[PDB]
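Enquirer:
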Ligand SMILES: O=C(NO)c1ccc(C(=O)NO)cc1
Ligand SMILES: O=C(NO)c1ccc(C(=O)NO)cc1
Ligand code: NA
Ligand code: NA
Ligand code: NA
Ligand code: NA
Ligand code: NA
Ligand code: NA
Ligand code: NA
Ligand code: NA
Ligand code: NA
Ligand code: NA
Ligand SMILES: [Zn+2]
Ligand SMILES: [Zn+2]
Ligand SMILES: [Zn+2]
Ligand SMILES: [Zn+2]
Ligand SMILES: [Zn+2]
Ligand SMILES: [Zn+2]
Ligand SMILES: [Zn+2]
């Protein structure tokens, strides 16, 4: 056992490792999304840029969890990073929906993480989740839904013009 | 076939995808290394910082290959990211040796990539490899060996003082 | 023979002259394209501006090849500059496709030039082509295809609005 | 007929197209001259630079005529660009004389253009020629003759020193 | 064998050592040239300054090759530096011709070095030669020939005035 | 005989040429030393940097002697530059001792040069040696001995840590 470890359960430790894996996977998902829009036959640079930024942020989420793992005297054990469920994301619209879905997945897991933290009465962990992750996830989910809403109203994905103008007017400023 | 595709072989395309996977794996390896030194029972902050920076750079290598894939009208197809061969890296010294080994792996693959590019007479690809990757890899390999050399001379890894002072005097400036 | 000439084949010399002619022709093509969009019954100022800039750059490509010709002690011999294949380019969309086609022509010729350089083992010439021309051409081809892709999706060329908005949102920033 | 067309004769329209061709040819002539002086066995950098600048300006003359063509609702129809009458210009002195001759050619054509404009009472065209072209041509002709005069007096072209010093003292400031 | 060594042939290693020797010799040649023009009975300060600068640059070429030798895990083994073929260079004109000759020697050797690198498929070495040496040599050769050309035309070396004025007007700015 | 020559003996002239050769050799020695420490299996960057700087300075010493040779109307005649006595310098410690030895060699020769100058009552030469060389050599000798002293006390060369820390704390500031 680590010399710094205090009130830090083996159950929490494993769940953190899993969350780490989950954050890294989301990064990989967003990476996949970004360069799809960079394809010459898709060509939506702001969609590409948007998702690439998202991708880097998710890595930042993972890194922040790993330090936390070390802070508590838990131990990081990494697992394989799964390839995304798709290679071709079909459209700006399909990707935003998939991104919405992903974050609800990541968010629920974090909420489950909080429940576990609370059940073990580890308030340091509970506030860490609250402060750095929960509202971010909430915010992320609202933004993606806002994006989803606008794209539908504009006539996406059939109107290629709709996605183009959205790329330009929303993601490029 | 992509409208932009010209003189870009299916063999090159697959090898690029593999190189992409390899660069992402190296990022993950360096990520693993970094936070090991962040463990409370290792506690070498500059080793940690060093490898974290390395990690981000490797991602940058991958991202640069993916755009390139799209530039030529090839198609990115992602594969799983393998977990590193180890969880506990033993020492500053062991990690630098493992990092040396990794880059020789990544570098040889790039050299094999260049051979393939040359055999297919795709000079755009050959110069891309030359310009952005080959000298970087060469440089990376020299630096890690320099690090290896110094650590041995100082009495690493048995002298914990050796690694401490190296962390301080080499990696912290 | 020139006093500066070294390892510079008569075959290379003639091919450079031809490349010079080809770069000047592309300049003329882009010149033709630019002022078509400047017609009162077309009236797409950013298309016009875009192609005019392209035109000047191609001249720059030619000039850079001519100095190179003199650098190696080869001799510049100019040939007539052919008029473009069309006078009326029909649309923003048709022109971008024609521009895509032109650059693939110019790029293949440069790749053939590189093959010739390589067959004669003239690495100065090979790197010159690699460094100043090959990636530029690659980049040019991706950009035009990106432009092509977006215009199709928006409903060009039938939607005159599509071309207008593209002119405004893509070429005017 | 163009919606903007007013008092713009079909005869003027064709003559403008011809003038456009003539300006582009002069650009090509000056281009040829410039890089001759860039040859290693000629090596007069300021002669080279001088003519290259001249070349770009002539293109500017052509471009200004093409917009004008579109302004009046005439239509630009491009023709082949003829190669210059020579490949080897012999000397700084021979080139300046040839340049003097070229501008007198271009200037007379413009004066003939003005006569045509005046005969058709198209004062917009007459002032356009007066304002942007006629005095420039006049100025160009004086300067080349000044250059011619000085070179003769110095002992050009036999004195290679004469041309060298002229290159240095006149064209390099 | 060095720990950093990868795809680096013993043949390349020896040829690099030879190139190192060759670059150091050129430095010594230019050193000899520089101070000849510094003699009171020659007294061409800009010729002197010109060659001295050239000399320092060649050393820089050698130093860059030596680091490269170490980068690849090859080993630097130095050999004697030969005295130049002459002590009295006769004139500004004779020296420029000798310098032209020297660089063609150095350049051919580098081209032979590239051939060897290519035959061993060591693209790192091939691009290193391309990037840092080949165009520089090409450029150097053009400049010396330009200098040669001008000096002949001016009446050098018999006209002492020719060399004086060249020293002043070309090398002193 | 040179027009500027006054009170400048043929014996002095030859000894200056020899001193020139000696200064160039020391430069070459320091060059050899510098890049040894740049080897991956030595890896002492400040030792490398230290000796490289020393090397450039020695060249400066030679150049200053050559101008002086020309100032007096003596004539520079260059001789071959000998390779250093060793290729592998063993250690930071061994090199500093060898450098100490070299400068005592160079310094004695200069002192012998001064004796010759004095015997010929050439006070210009005597003060030139005094002012630009003698104290520099004296200073150089003290510094190297200071370096030698510190390295011994620290436990060099067996303590690889000793040399590392010296590299860091003395040569890197
Ligand atoms: O026929 C004529 N005179 O007998 C005549 C010729 C030319 C002009 C003129 O300058 N028009 O612009 C006016 C009158
Ligand atoms: O044997 C050959 N052709 O018959 C041959 C010679 C040289 C190359 C080459 O350029 N390697 O880099 C490839 C093939
Ligand atoms: Na997220
Ligand atoms: Na809270
Ligand atoms: Na709370
Ligand atoms: Na790497
Ligand atoms: Na290259
Ligand atoms: Na190359
Ligand atoms: Na082009
Ligand atoms: Na003109
Ligand atoms: Na050189
Ligand atoms: Na010294
Ligand atoms: Zn997240
Ligand atoms: Zn990499
Ligand atoms: Zn080859
Ligand atoms: Zn081009
Ligand atoms: Zn004109
Ligand atoms: Zn060189
Ligand atoms: Zn000295």
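Residue numbers (the deposited numbering), protein chains in the order written: chain A, 5 to 177; chain W, 5 to 177; chain P, 5 to 177; chain E, 5 to 177; chain C, 5 to 177; chain L, 5 to 177.
Ideal Cβ positions, reconstructed from N, Cα and C, are used throughout, including at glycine.
Can you check which of these residues, L/104, L/167, L/58 and L/90, is closest to residue 148 of chain L by C-alpha distance?
Expert: L/104
Enquirer: Please classify residue 91 of chain P as buried or exposed, where buried requires at least 16 neighbouring CB atoms within 10 angstroms.
Expert: exposed
Enquirer: Given this structure, state the Cα-to-Cα distance separating residue 2 of chain A from residue 159 of chain P, to the nearest angstrom.
Expert: Only positions 5 to 177 of chain A appear in the structure, and residue 2 of chain A is not among them; the question remains open.
Enquirer: Does the beta-carbon of residue 164 of chain W have 16 or more other beta-carbons within 10 angstroms, so that it is buried, or is it exposed?
Expert: exposed
Enquirer: Grab me the residues of residue 42 of chain C's own chain with a C-beta within less than 7 Å of its C-beta, minus the 5 sequence neighbours each way, in chain order.
Expert: So the qualifying residues of the chain are 52.
Enquirer: Following a CB-centred definition, is residue 140 of chain A positioned closer than 6 Å to any heavy atom of ligand 5?
Expert: Because no heavy atom of ligand 5 lies under 6 Å away, the Cβ of residue 140 of chain A does not count as near it: no.
Enquirer: Mapping DSSP to helix, strand and coil, what is residue 145 of chain P?
Expert: Reduced to three states, the DSSP call for residue 145 of chain P is helix.
Enquirer: Whose Cβ in chain P lies nearer than 7 Å to the Cβ of residue 111 of chain C?
Expert: In chain order: 10.
Enquirer: Can residue 126 of chain A be considered in contact with ligand 7, in the sense that its beta carbon sits closer than 6 Å to one or more heavy atoms?
Expert: For ligand 7, not one heavy atom lies less than 6 Å from the Cβ of residue 126 of chain A.
Enquirer: Strictly by DSSP, which residues pair up with residue 85 of chain L?
Expert: C/85
Enquirer: Once you ignore the five residues that flank residue 8 of chain W on each side, which residues in its own chain have a CB closer than 8 Å to its CB?
Expert: Here residue 8 of chain W has 75, 76 and 77 as same chain residues with Cβ atoms under 8 Å from its own Cβ, once five neighbours each way along the sequence are excluded.
Enquirer: For residue 150 of chain W, which residues in chain L fall below 7 Å Cβ to Cβ?
Expert: Ordered by position in chain L, the residues that pass the 7 Å Cβ test against residue 150 of chain W are 44 and 47.
Enquirer: Of the residues W/45, W/5 and W/19, which one's Cα is nearest the Cα of residue 118 of chain W?
Expert: W/19
Enquirer: Shorter than 6 Å, the distance from the beta carbon of residue 33 of chain W to the closest heavy atom of ligand 12, or not?
Expert: no
Enquirer: Taking 6 Å as the cut-off, is the CB of residue 144 of chain W close to at least one heavy atom of ligand 6?
Expert: Residue 144 of chain W has its CB nearer than 6 Å to a heavy atom of ligand 6.
Enquirer: For residue 152 of chain W and residue 46 of chain A, I'd like the C-alpha separation in whole angstroms.
Expert: 46 Å
Enquirer: State the start and end residues of the unbroken alpha helix (DSSP H) segment that holds residue 110 of chain L.
Expert: 96–123
Enquirer: Do you know offhand how far residue 16 of chain L's Cα is from residue 85 of chain L's?
Expert: 21 Å
Enquirer: Where do the N-terminal and C-terminal ends of the alpha helix (DSSP H) with residue 138 of chain L fall, by residue?
Expert: Taken as a continuous stretch (DSSP letters only), residue 138 of chain L belongs to no alpha helix (DSSP H), as it is neither H nor E.
Enquirer: Could you tell me whether the Cβ atoms of residue 133 of chain E and residue 120 of chain E are closer together than 7 Å?
Expert: The answer is no: Cβ separation not under 7 Å.
Enquirer: Could you work out which residue in E/65, E/13, E/154 and E/80 is closest to residue 139 of chain E when comparing CA atoms only?
Expert: If we check each option's Cα against that of residue 139 of chain E, E/65 comes out closest.
Enquirer: Grab the span of the alpha helix (DSSP H) containing residue 164 of chain W for me, first residue to last.
Expert: Here the alpha helix (DSSP H) through residue 164 of chain W covers 164–173.
Enquirer: Residue 90 of chain C by DSSP, collapsed to three states: which one?
Expert: coil
Enquirer: Taking only three categories from DSSP, how would you classify residue 12 of chain L?
Expert: Residue 12 of chain L: coil per DSSP, three-state reduction.
Enquirer: Check the Cβ-Cβ distances between residue 146 of chain C and every residue of chain P, and say whether any is below 7 Å.
Expert: yes
Enquirer: Please output, in chain order, the residues near ligand 5 using a CB cut-off of less than 6 Å to any non-hydrogen atom of the ligand.
Expert: A/130, A/131 and A/134
Enquirer: Can you name the residues of chain C whose CB is closer than 7 Å to the CB of residue 128 of chain P?
Expert: Ordered by position in chain C, the residues that pass the 7 Å Cβ test against residue 128 of chain P are 138, 139 and 142.
Enquirer: For residue 168 of chain E, decide whether its Cβ has a neighbour in chain P, counting only Cβ atoms nearer than 7 Å.
Expert: no
Enquirer: How about residue 26 of chain L and residue 38 of chain L: do their beta carbons lie closer than 7 Å?
Expert: It is not a contact, given that the beta carbons lie outside the stated cut-off.
Enquirer: Strictly below 7 Å CB to CB, what residues from chain L border residue 154 of chain W?
Expert: Near residue 154 of chain W (Cβ distances below 7 Å), the residues of chain L are 47 and 168.
Enquirer: Thinking just about the alpha-carbon of each residue, which of E/170, E/150, E/145 and E/71 is nearest to the one in residue 129 of chain E?
Expert: For the residues E/170, E/150, E/145 and E/71, the minimum Cα distance to residue 129 of chain E belongs to E/71.
Enquirer: Counting only the same chain and skipping the five closest in sequence on each side, list residues whose C-beta sits under 8 Å from that of residue 169 of chain A.
Expert: 158
Enquirer: What is the residue span of the alpha helix (DSSP H) that residue 59 of chain E lies within?
Expert: 49–75
Enquirer: Do residue 11 of chain W and residue 171 of chain W count as a contact pair if the criterion is CB distance below 7 Å?
Expert: no
Enquirer: Output the distance between the C-alpha atoms of residue 23 of chain W and residue 73 of chain W, rounded to the nearest integer angstrom.
Expert: 11 Å
Enquirer: Using a Cβ-Cβ cut-off of less than 7 Å, give me the residues of the region 50–76 of chain P that come near chain W, in sequence order.
Expert: none
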